[PDB]
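Trainee: Okay, here's the structure, questions in a sec.
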Amino acid sequence: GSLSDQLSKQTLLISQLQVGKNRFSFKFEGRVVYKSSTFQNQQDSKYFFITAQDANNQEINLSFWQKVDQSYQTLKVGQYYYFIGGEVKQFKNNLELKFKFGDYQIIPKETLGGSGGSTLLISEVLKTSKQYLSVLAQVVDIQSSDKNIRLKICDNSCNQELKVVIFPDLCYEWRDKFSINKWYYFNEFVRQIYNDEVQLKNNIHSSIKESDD
DNA sequence: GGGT
């Protein structure tokens, strides 16, 4: 089930998909050309769908019925991904890929083979020259604005606080969801320098997860 | 399961 095992699987174009293939016997490369809203009727059964384009400029509908929130945040129009674990299913004269089991994988092609999500420590972060990294740190200061959140994060390997800037797209979904002294994973941020003090910044690939501890 |  390793990532490298999943990337092993044969890549297929829309014209090659068959209903009789096992959901995990292939992987599909797709460019997101359209992303719907999340739909919600019931106390908890949200869905959404995207339109993905392949290398023949053909387009196919992908529906997501589980792990909806995470996947909705991952998928951005314009980006290329590998999708693994979807059921090829008939869609009225068409085929579609249907993601229902919550063990499917959406792998962004761009960050493929990078240490961006390597999850190091603040004192380390403040020492290492990577440009993309991830910290499990604690929020000790919050300056929240119209379009931008400035944080100061700290950890137990230093007495220094790290400065973190969060920009439009990702900040909206976080404007007042930060708690002081709570613990968060800052995945795939951008090491950067202003005043020979080192800001972390987010970009299109960044994510944030609240350590449940 | 569900459905644009």
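Note that we place each Cβ from the backbone using ideal geometry, even for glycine, and neighbour counts take in every protein chain shown. Nothing in this text is a laboratory measurement; each read-out follows from the coordinates by a stated rule.
Trainee: Restricting the range A:1-21 to residues that are in contact (Cβ under 8 Å) with a residue 60 or more places away in the chain and aliphatic (A, V, I, L, M), which is surrounded by the fewest Cβ atoms within 10 Å (Cβ to Cβ)?
Mentor: A:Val19
Trainee: Here is a further query. I'd like to check something: does the range A:111-124 contain any residue that is more than 16 Å from DNA strand B (Cβ to nearest atom), in contact with a helix residue (DSSP H, G or I) (Cβ under 8 Å, 6 or more places away or on another chain) and among the hydrophobic types (A, V, I, L, M, F, W, C)?
Mentor: No, because not a single residue in the range A:111-124 is more than 16 Å from DNA strand B (Cβ to nearest atom), in contact with a helix residue (DSSP H, G or I) (Cβ under 8 Å, 6 or more places away or on another chain) and among the hydrophobic types (A, V, I, L, M, F, W, C).
Trainee: Return the pair list, or none, for Cβ contacts closer than 8 Å from residues in the range A:73-101 that are farther than 16 Å from A:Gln6 by Cβ to residues that are within 15 Å of DNA strand B (Cβ to nearest atom) and among the polar types (S, T, N, Q), at least 6 apart or on different chains.
Mentor: Cβ pairs passing all conditions: A:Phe91/A:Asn61; A:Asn94/A:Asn61; A:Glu96/A:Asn61; A:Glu96/A:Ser63; A:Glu96/A:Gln90; A:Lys98/A:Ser63; A:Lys100/A:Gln66.
Trainee: Within the range A:71-90, track down each residue that is within 15 Å of DNA strand B (Cβ to nearest atom) and either of a type outside the set (D, E, K, R) or buried (at least 19 other Cβ atoms within 10 Å of the Cβ) (or both).
Mentor: Residues of the range A:71-90 that are within 15 Å of DNA strand B (Cβ to nearest atom), as a first pass: A:71-72, A:75, A:83, A:85-90.
Hits for the range A:71-90 are A:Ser71, A:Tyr72, A:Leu75, A:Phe83, A:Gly85, A:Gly86, A:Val88, A:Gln90.
Trainee: Ok, one more. Would you say A:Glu59 is of a type in the set (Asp, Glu), within 14 Å of DNA strand B (Cβ to nearest atom) and touching a residue at least 40 places away in the same chain (Cβ under 8 Å)? I'd like the intermediate steps shown before the answer.
Mentor: On the way: of a type in the set (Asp, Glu): yes; within 14 Å of DNA strand B (Cβ to nearest atom): yes; touching a residue at least 40 places away in the same chain (Cβ under 8 Å): yes.
Yes: the conditions hold for A:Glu59.
Trainee: Scanning for something under 12 Å from the mean Cα position of the chain (by Cα) and of a type in the set (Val, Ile, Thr), does the range A:73-86 turn up at least one residue? Before you say what the answer is, go through the steps one by one.
Mentor: From the range A:73-86, those under 12 Å from the mean Cα position of the chain (by Cα) are A:73-76, A:79, A:81; that's our starting set.
This time we only want the ones that are of a type in the set (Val, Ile, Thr), so: A:74.
The answer is yes, given that some residue of the range A:73-86 is under 12 Å from the mean Cα position of the chain (by Cα) and of a type in the set (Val, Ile, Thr).
Trainee: Name the strands (runs of 3 or more DSSP E) wholly within the range A:55-144 that hold at least 2 residues that are charged (D, E, K, R) and closer than 29 Å to A:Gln18 by Cβ?
Mentor: Working: elements: A:59-64, A:80-84, A:87-90, A:95-99, A:105-108, A:132-144.
Filter on the range A:55-144 gives A:87-90, A:95-99.
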